[PDB]
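Since every read-out is calculated from the coordinates, none of them should be taken as a lab result. Positions of Cβ are generated from backbone atoms using ideal geometry, with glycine treated the same way; all protein chains shown enter the neighbour counts.
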Protein chains: 2
Amino acid sequence: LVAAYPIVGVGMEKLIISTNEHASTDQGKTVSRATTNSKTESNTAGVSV
Amino acid sequence: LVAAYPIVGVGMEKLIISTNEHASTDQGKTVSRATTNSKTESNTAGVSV
């Protein structure tokens, strides 16, 4: 009169989360050098009294 | 009376980890050249006493 019957069910112990990012670090240096050569030429006139 | 029965289990010897990074290197050079041409023109008056 009694039935053969299994009854189950689950239960939570812990829960772990884990994010999604993308970190990045960059680092640089620089070195430079320049030269310059130039030439000017000018004139002047005038009158006073 | 005794039962035919196998019993097993596993055991850890070593563990190896391996990371994930994306390294990068860059190297550059540069060359440049420029010219300049100009012209000015000025005037002057004045009075003294």
Short version: what are the Cα gyration tensor semi-axes of the protein assembly as shown, square root of 5 times each eigenvalue, largest first, in whole Å? 94, 25, 11
Which is farthest toward the positive dipole end of chain A among A:10, A:49, A:28, measuring Cα position about the Cα centre, with Cβ charges +1 (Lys, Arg) and -1 (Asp, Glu)? A:49
Karplus ³J(HN,Hα) for region A:5-10 (6.51 cos²θ - 1.76 cosθ + 1.60, θ = phi - 60°; Hz, whole; x = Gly/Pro) runs 8, x, 9, 10, x, 10
Alpha-carbon spread of chain B, three principal axes, descending order, Å: 140, 32, 14
Can you grab the distance from the C-alpha centre of region B:1-40 to the C-alpha centre of chain A, Å, no decimals? 18 Å
Cross-link candidates for residue A:39: which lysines have Cα within less than 26 Å, leaving aside residues fewer than 8 places away along the same chain? B:39
Suppose every K and R has +1 on its Cβ and every D and E has -1 on its Cβ; what is the size of the dipole of chain A about the Cα centre, in Debye to the nearest 20? 260 debye
Name the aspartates and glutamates eligible as straight-distance cross-link partners of residue B:29: C-alpha to C-alpha under 20 Å, and not fewer than 8 places from it in the same chain. A:26
With the label 7 angstrom out along Cα to Cβ, how close does residue A:37 come to the same site in each of the other copies, in nm, nearest first? 1.8
